file upload.csv (CSV, C-alpha atoms)
chain,number,residue,atom,x,y,z
A,1,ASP,CA,166.7,-93.3,-2.0
A,2,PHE,CA,163.8,-95.9,-2.0
A,3,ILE,CA,166.0,-98.7,-0.5
A,4,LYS,CA,166.7,-98.2,3.2
A,5,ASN,CA,170.3,-97.5,4.1
A,6,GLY,CA,172.5,-100.4,5.4
A,7,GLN,CA,172.0,-102.9,2.6
A,8,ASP,CA,172.5,-103.2,-1.1
A,9,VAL,CA,170.3,-106.2,-2.2
A,10,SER,CA,166.6,-106.4,-1.7
A,11,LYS,CA,164.6,-109.6,-2.3
A,12,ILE,CA,161.0,-108.9,-3.3
A,13,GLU,CA,158.7,-111.8,-4.3
A,14,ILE,CA,155.7,-110.7,-6.5
A,15,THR,CA,153.1,-113.1,-7.9
A,16,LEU,CA,150.5,-112.6,-10.6
A,17,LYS,CA,147.3,-114.5,-11.3
A,18,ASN,CA,146.5,-115.1,-15.0
A,19,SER,CA,143.0,-115.9,-16.2
A,20,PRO,CA,142.1,-117.8,-19.4
A,21,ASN,CA,140.0,-114.8,-20.6
A,22,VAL,CA,143.1,-112.7,-21.3
A,23,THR,CA,145.3,-114.3,-24.0
A,24,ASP,CA,148.5,-113.3,-25.9
A,25,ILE,CA,150.6,-113.4,-22.7
A,26,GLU,CA,154.3,-112.7,-23.5
A,27,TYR,CA,157.0,-115.0,-22.2
A,28,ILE,CA,154.2,-116.9,-20.3
A,29,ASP,CA,151.8,-119.5,-21.6
A,30,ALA,CA,148.1,-118.8,-21.1
A,31,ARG,CA,147.5,-122.1,-19.3
A,32,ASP,CA,149.5,-121.0,-16.3
A,33,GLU,CA,147.0,-119.6,-13.8
A,34,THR,CA,149.7,-118.2,-11.4
A,35,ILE,CA,153.3,-117.1,-11.9
A,36,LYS,CA,156.3,-116.8,-9.6
A,37,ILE,CA,158.5,-113.7,-9.9
A,38,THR,CA,161.4,-113.0,-7.6
A,39,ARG,CA,162.7,-109.5,-8.4
A,40,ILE,CA,165.8,-107.9,-7.0
A,41,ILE,CA,167.4,-104.4,-7.4
A,42,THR,CA,170.6,-102.9,-6.2
A,43,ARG,CA,171.9,-99.3,-5.9
A,44,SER,CA,174.6,-99.7,-8.6
A,45,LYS,CA,172.4,-100.7,-11.5
A,46,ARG,CA,169.5,-98.5,-12.7
A,47,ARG,CA,167.4,-101.3,-14.0
A,48,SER,CA,165.8,-104.0,-11.8
A,49,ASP,CA,166.5,-107.8,-12.2
A,50,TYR,CA,163.6,-110.1,-12.7
call {"tool": "encode", "arguments": {"input": "upload.csv", "output": "C-alpha coordinates"}}
result
Amino acid sequence: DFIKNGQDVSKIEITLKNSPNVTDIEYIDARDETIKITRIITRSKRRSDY
(Lines of atoms letter the chains of each structure in order from A and count residues from 1; the text may use other names and numbers.)
(Lines give C-alpha, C1' and ligand atoms only; values in the text may rest on other atoms or scores of the structure.)
Protein backbone atom coordinates (compact mmCIF):
# COMPACT_ATOMS: atom_id res chain seq x y z
CA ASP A 1 0.00 0.00 0.00
CA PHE A 2 2.98 2.35 0.41
CA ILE A 3 4.02 2.07 -3.25
CA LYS A 4 1.79 4.00 -5.64
CA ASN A 5 -0.29 1.91 -8.02
CA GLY A 6 0.83 1.55 -11.63
CA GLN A 7 4.37 0.26 -11.07
CA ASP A 8 6.15 -2.62 -9.35
CA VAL A 9 9.79 -1.47 -8.99
CA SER A 10 10.87 1.59 -7.00
CA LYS A 11 14.42 2.97 -7.19
CA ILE A 12 15.41 4.81 -4.00
CA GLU A 13 18.98 6.02 -3.49
CA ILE A 14 19.96 6.62 0.14
CA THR A 15 23.40 7.75 1.32
CA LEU A 16 24.92 7.80 4.81
CA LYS A 17 27.84 9.78 6.24
CA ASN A 18 30.21 7.84 8.50
CA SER A 19 32.52 9.68 10.90
CA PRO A 20 35.78 8.28 12.34
CA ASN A 21 34.48 8.76 15.90
CA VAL A 22 32.08 5.82 15.48
CA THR A 23 33.89 2.53 14.83
CA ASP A 24 33.01 -1.17 14.47
CA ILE A 25 30.99 -0.51 11.31
CA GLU A 26 29.68 -3.77 9.85
CA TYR A 27 30.18 -4.60 6.16
CA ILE A 28 31.75 -1.13 5.81
CA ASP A 29 35.25 0.00 6.72
CA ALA A 30 35.57 2.95 9.08
CA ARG A 31 37.73 4.96 6.66
CA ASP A 32 34.83 5.43 4.21
CA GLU A 33 33.30 8.81 5.06
CA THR A 34 30.28 8.40 2.76
CA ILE A 35 28.49 5.33 1.39
CA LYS A 36 26.25 4.71 -1.62
CA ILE A 37 23.14 2.54 -1.16
CA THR A 38 20.63 1.97 -3.98
CA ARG A 39 17.69 0.11 -2.44
CA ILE A 40 14.71 -1.31 -4.33
CA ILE A 41 11.54 -3.10 -3.21
CA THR A 42 8.68 -4.75 -5.07
CA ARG A 43 5.16 -5.82 -4.15
CA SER A 44 5.87 -9.55 -4.47
CA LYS A 45 8.73 -9.88 -1.98
CA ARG A 46 8.25 -8.84 1.64
CA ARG A 47 11.89 -7.91 2.28
CA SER A 48 13.63 -5.04 0.52
CA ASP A 49 16.71 -5.41 -1.67
CA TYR A 50 19.79 -3.36 -0.77
call {"tool": "residues_around", "arguments": {"input": "upload.csv", "residues": "residue A:14", "least_positions_apart": "5", "cutoff": "8 Å", "atoms": "all atoms listed in the file", "output": "ChimeraX atom specification"}}
result
/A:36-39
call {"tool": "closest_residue", "arguments": {"input": "upload.csv", "among": "A:34, A:21, A:15, A:42", "to": "residue A:1", "atoms": "all atoms listed in the file"}}
result
A:42
call {"tool": "closest_residue", "arguments": {"input": "upload.csv", "among": "A:40, A:46, A:2, A:30", "to": "residue A:18", "atoms": "all atoms listed in the file"}}
result
A:30
call {"tool": "closest_residue", "arguments": {"input": "upload.csv", "among": "A:41, A:35, A:22, A:48", "to": "residue A:10", "atoms": "only C-alpha atoms"}}
result
A:41
call {"tool": "residues_around", "arguments": {"input": "upload.csv", "residues": "residue A:33", "least_positions_apart": "6", "cutoff": "10 Å", "atoms": "all atoms listed in the file", "output": "VMD selection string"}}
result
chain A and resid 16 to 20
call {"tool": "build_atoms", "arguments": {"input": "upload.csv", "residues": "stretch 3-17 of chain A", "atoms": "N, CA, C and O atoms", "output": "tab-separated table (two decimals), in the frame of the given file"}}
result
chain	number	residue	atom	x	y	z
A	3	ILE	N	165.44	-97.58	-1.34
A	3	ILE	CA	166.00	-98.70	-0.50
A	3	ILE	C	166.54	-98.07	0.77
A	3	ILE	O	167.27	-97.07	0.75
A	4	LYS	N	166.22	-98.69	1.90
A	4	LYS	CA	166.70	-98.20	3.20
A	4	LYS	C	168.24	-98.42	3.26
A	4	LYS	O	168.80	-99.38	2.72
A	5	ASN	N	168.90	-97.49	3.94
A	5	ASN	CA	170.30	-97.50	4.10
A	5	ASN	C	170.78	-98.69	4.97
A	5	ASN	O	170.07	-99.08	5.90
A	6	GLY	N	171.95	-99.24	4.67
A	6	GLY	CA	172.50	-100.40	5.40
A	6	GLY	C	172.59	-101.65	4.62
A	6	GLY	O	173.23	-102.60	5.09
A	7	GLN	N	171.98	-101.71	3.44
A	7	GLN	CA	172.00	-102.90	2.60
A	7	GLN	C	171.99	-102.51	1.15
A	7	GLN	O	171.58	-101.41	0.79
A	8	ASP	N	172.45	-103.44	0.30
A	8	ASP	CA	172.50	-103.20	-1.10
A	8	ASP	C	171.50	-104.06	-1.92
A	8	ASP	O	170.98	-103.59	-2.93
A	9	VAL	N	171.24	-105.29	-1.48
A	9	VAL	CA	170.30	-106.20	-2.20
A	9	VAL	C	168.98	-106.17	-1.48
A	9	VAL	O	168.90	-105.98	-0.26
A	10	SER	N	167.91	-106.36	-2.25
A	10	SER	CA	166.60	-106.40	-1.70
A	10	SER	C	165.77	-107.45	-2.44
A	10	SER	O	165.54	-107.35	-3.65
A	11	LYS	N	165.35	-108.47	-1.70
A	11	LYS	CA	164.60	-109.60	-2.30
A	11	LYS	C	163.11	-109.30	-2.11
A	11	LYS	O	162.60	-109.18	-0.99
A	12	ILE	N	162.41	-109.19	-3.24
A	12	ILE	CA	161.00	-108.90	-3.30
A	12	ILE	C	160.33	-109.95	-4.17
A	12	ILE	O	160.64	-110.04	-5.37
A	13	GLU	N	159.42	-110.74	-3.61
A	13	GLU	CA	158.70	-111.80	-4.30
A	13	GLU	C	157.31	-111.28	-4.68
A	13	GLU	O	156.51	-110.98	-3.78
A	14	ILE	N	157.01	-111.19	-5.98
A	14	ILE	CA	155.70	-110.70	-6.50
A	14	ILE	C	155.12	-111.84	-7.33
A	14	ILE	O	155.83	-112.45	-8.15
A	15	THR	N	153.83	-112.10	-7.15
A	15	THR	CA	153.10	-113.10	-7.90
A	15	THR	C	151.91	-112.50	-8.59
A	15	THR	O	151.29	-111.57	-8.08
A	16	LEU	N	151.59	-113.03	-9.78
A	16	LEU	CA	150.50	-112.60	-10.60
A	16	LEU	C	149.56	-113.73	-10.92
A	16	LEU	O	150.03	-114.86	-11.12
A	17	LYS	N	148.26	-113.46	-10.99
A	17	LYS	CA	147.30	-114.50	-11.30
A	17	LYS	C	146.78	-114.19	-12.76
A	17	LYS	O	146.26	-113.10	-13.05
